[PDB]
2 protein chains.
Amino acid sequence: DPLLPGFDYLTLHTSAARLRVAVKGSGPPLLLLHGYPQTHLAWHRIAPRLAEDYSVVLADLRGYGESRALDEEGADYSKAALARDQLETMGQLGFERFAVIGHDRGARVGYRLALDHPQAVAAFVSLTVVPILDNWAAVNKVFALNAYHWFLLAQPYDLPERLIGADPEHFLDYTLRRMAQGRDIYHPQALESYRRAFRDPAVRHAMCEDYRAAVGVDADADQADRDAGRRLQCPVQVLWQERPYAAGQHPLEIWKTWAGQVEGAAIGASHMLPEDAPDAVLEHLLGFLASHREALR
Amino acid sequence: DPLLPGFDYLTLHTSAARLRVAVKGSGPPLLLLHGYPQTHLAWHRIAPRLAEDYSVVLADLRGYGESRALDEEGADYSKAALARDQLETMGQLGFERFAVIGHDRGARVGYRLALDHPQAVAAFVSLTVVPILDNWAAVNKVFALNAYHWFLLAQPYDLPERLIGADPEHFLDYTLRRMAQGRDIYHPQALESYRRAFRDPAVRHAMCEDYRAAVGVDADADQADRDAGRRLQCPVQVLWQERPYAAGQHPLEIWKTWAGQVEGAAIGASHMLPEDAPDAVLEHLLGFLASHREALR
């Protein structure tokens, strides 16, 4: 089976970025946002089915894959900046309001987009993510060991770049295997795309910048919204990895503190839900989007 | 001024290790144990003064500097194992009971030695260290960012070895500058010794093993002592970096939960107390050892 049959590959020129986008379909618009250390190809098992019924837009996040900031020196990689990229992307393609489905870092861009630009986001789906403010409050010994890279990649420039850049393919391959819990989920051709991106020093730097923003400005933005009592205004679905959650850390419970309309489900797979559990993900997504069909109008 | 004038350099062959030791002086015995990422030379500003009045023994920790495990494949780098090295070292030199002064990882070896072998430790001085069990309980976002390496170096073999081994001198130099807060405290010749050790892949591996033990067996050992109500039996001095401490985290308060006889002082310097603040350290050490002169008998 081919990868992304019938998708049209575009390069969009926005005010601050050159963005790689792939589009297919007709009907209400959906924007799908991948995570780390991946590209838009992570959606290859999901996006074709969605494009049977929806206008589907896949994008590489700024700095990841083939997307680049125009400021090659001091670009902004905050989630707020990447949220503006999404507004501009969808606007250029003809959409002022759209649903957003994110995995991992892409879900962080997505919820920030929903908070900052509620008029633009019809519905929001998070795969594996709760807001960074909640993640930081949960840090303990085991968290820091399991997610050691959240702390490494956030060290000041150019410490992590020097470390992860020594043998990029080793670090990429190690990381993908770890995130997949050793499961054979990566299409060999999608993998070559992830590898090529990670071999680019600019991509690795942009990834570090994402992690630095997570510690800093992204967390400050979440705190400001918490202080203001600002919530997501659209229906939210959260799909999470089946595992134990400590008190106060269950993803459905956390999302209900950020949004008045929340639903979700556990999926028995690795963290890499798009690639590991596409049929389960699709069943949930399709049902959610159908249930809120009027919201998508 | 020369480095370690009149010190006699020895290589001791113990049951599980080949240990680099340097000795000088006469009188009651003191064992000085350096930390990470250093060697026994870190004591060069302190040990000569002490050797005017005491029998001074400086050792490279197992795997650090010029000290090596005999098992080149699966050696034990727990603090308990390194504590046994110290018993054997001092015993070979003629001492069944002695004072221990440790900095950083060396203080971790030292307190473990005191807990496991109370008959051997006359007095204990910790520079910058509280027990690992207390450190782990304190982990939060800021801790994990500041001490990111505690989490990186504890990742399973051979992840951190691959990262820190790519450009060893870059990582060593970065780390020493960071620990010194940019202060010009490293004697250029001591620095070459630290650099040579870090260029050895076996040393870097042993350092990772230390950090892995900290997460695992070392913490389990501390918990067992806490469960048993086992405390250090000797007088303890703690010298700590002048900085704010959260409630429950002040080093004097923590040590008083581990020992009945505790004193200490803040020193206004970087973490690298032996090299940054030797005169302050010496004033405190000399006074402590003189106050407990009868205990050293």
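Residues numbered from 1 in each chain as written, not as in the entry; some residues may be left out. Chains lettered and ligands numbered in written order. Heavy atoms only, no water.

(A) A look at the overall build of chain A. Of the regular secondary structure elements, chain A holds 15 helices and 9 strands. Across its three principal axes, chain A shows a C-alpha extent of roughly 50 × 45 × 40 Å. Considering only residue pairs separated by 6 or more positions, chain A has 75% of its internal contacts joining residues 24 or more positions apart. Total accessible area on chain A stands at roughly 11,700 Å², and carbon and sulfur atoms take up 47% of it. With 30 positive and 39 negative side-chain charges, chain A shows a separation of 2 Å between the mean positions of the two kinds. (Helix = DSSP H or I, 4+ residues; strand = E, 2+ residues; numbered from the N terminus. Contact = heavy atoms within 4.5 Å. Areas by Shrake-Rupley, 256 points an atom, 1.4 Å probe, with all protein chains shown as cover. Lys, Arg positive; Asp, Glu negative; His and termini not counted. Charge placed at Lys NZ, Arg CZ, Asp CG, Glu CD.)

(B) Representation of the environment of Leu282(A). Structurally, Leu282(A) is set in helix α14 (residues 278-291). The spatial distance from the C-alpha of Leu282(A) to the C-alpha of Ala47(A) is 9.2 Å, given a sequence separation of 235 residues.

(C) Up close: the interface of chain A and chain B. Listed as interface residues are 23 residues of chain A and, on the opposing side, 23 residues of chain B. Both sides together, the interface formed by chain A and chain B hides about 2,100 Å², and carbon and sulfur atoms give 73% of it. The largest per-residue losses of area from chain A upon contact with chain B belong to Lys141(A), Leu145(A) and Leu163(A), which jointly make up 27% of the total buried on that side. The tally of links between chain A and chain B comes to 0 salt bridges. (Buried area = accessible area lost by both parts, 1.4 Å probe. Salt bridge = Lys/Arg side-chain N within 4 Å of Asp/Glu carboxyl O.)

(D) Representation of the packing of helix α3 (residues 105-116) of chain B against helix α11 (residues 217-228) of chain B within the structure. All names here are of chain B. Look at α3 against α11: their axes get within 12 Å of each other, and the N-to-C directions meet at 40°. By the angle between their directions, the pair α3 and α11 is classed as oblique. Crossing geometry of α3 relative to α11 is assigned as left-handed. For the pair α3 and α11, contact is made by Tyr111, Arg112 and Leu115 and by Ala221, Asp222 and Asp225, respectively. Looking at side-chain class alone, the contact of α3 with α11 contains 3 nonpolar, no polar and 3 charged residues. (Axes fitted to C-alpha atoms, helices over the stretch in contact; angles between N-to-C directions. Parallel < 35°, antiparallel > 145°, perpendicular 65-115°, else oblique. Left-handed = near helix turned anticlockwise from the far one by under 90°. Nonpolar A, V, L, I, M, F, W, Y, C, P; charged D, E, K, R; others polar.)

(E) Summary view of empty space enclosed by the protein. Residues and elements named next belong to chain B. Within the structure shown, the criterion is met by 1 cavity of 30 Å³ or more. Computed from the structure, the largest cavity encloses a volume of approximately 40 Å³. If you go around the largest cavity, the residues you meet are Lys79, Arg108, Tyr111, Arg112, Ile132, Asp218 and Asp222. Classifying every residue of the lining of the largest cavity gives 2 nonpolar, no polar and 5 charged. (1 Å grid on protein atoms, 1.4 Å probe; cavity = no way out; pocket = protein on both sides within 12 Å on 5 of 7 lines; lining within 4 Å. Points joined across faces, edges and corners; volume = space filled by probe spheres on them.)

(F) Quick look at helix α2 (residues 79-93) of chain A. Residues and elements named next belong to chain A. With 15 residues, α2 ought to run about 21 Å at 1.5 Å a step, and its terminal C-alpha atoms sit 21 Å apart, in line with that. Listing the buried residues of α2 in full gives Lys79, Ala80, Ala81, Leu82, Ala83, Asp85, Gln86, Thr89 and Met90. Phi turns positive, to about 110°, at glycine 94, one or two residues after α2. (Expected span 1.5 Å × (residues − 1). Buried < 20%, exposed > 50% of the residue type's maximum accessible area, 1.4 Å probe, protein only.)

(G) Inspection of the pairing of strand β9 (residues 262-267) of chain B at higher detail. All names here are of chain B. For strand β8 (residues 236-241) and β9, the ladder comprises 6 bridges, and the chain directions are parallel. Looking at the pairing, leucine 239 lines up with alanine 265 of β9. The β-α-β motif built from β8, the intervening helix α12 (residues 251-256) and the parallel element β9 has right-handed crossover chirality. (Pairing = 2+ DSSP bridges. Right-handed = clockwise from strand over helix to strand, strands pointing away.)

(H) Looking closely at the environment of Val57(A). In this structure, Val57(A) sits in strand β4 (residues 55-59). Distance in space between the C-alpha atoms of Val57(A) and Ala259(A) is 25 Å, their sequence separation being 202 residues.

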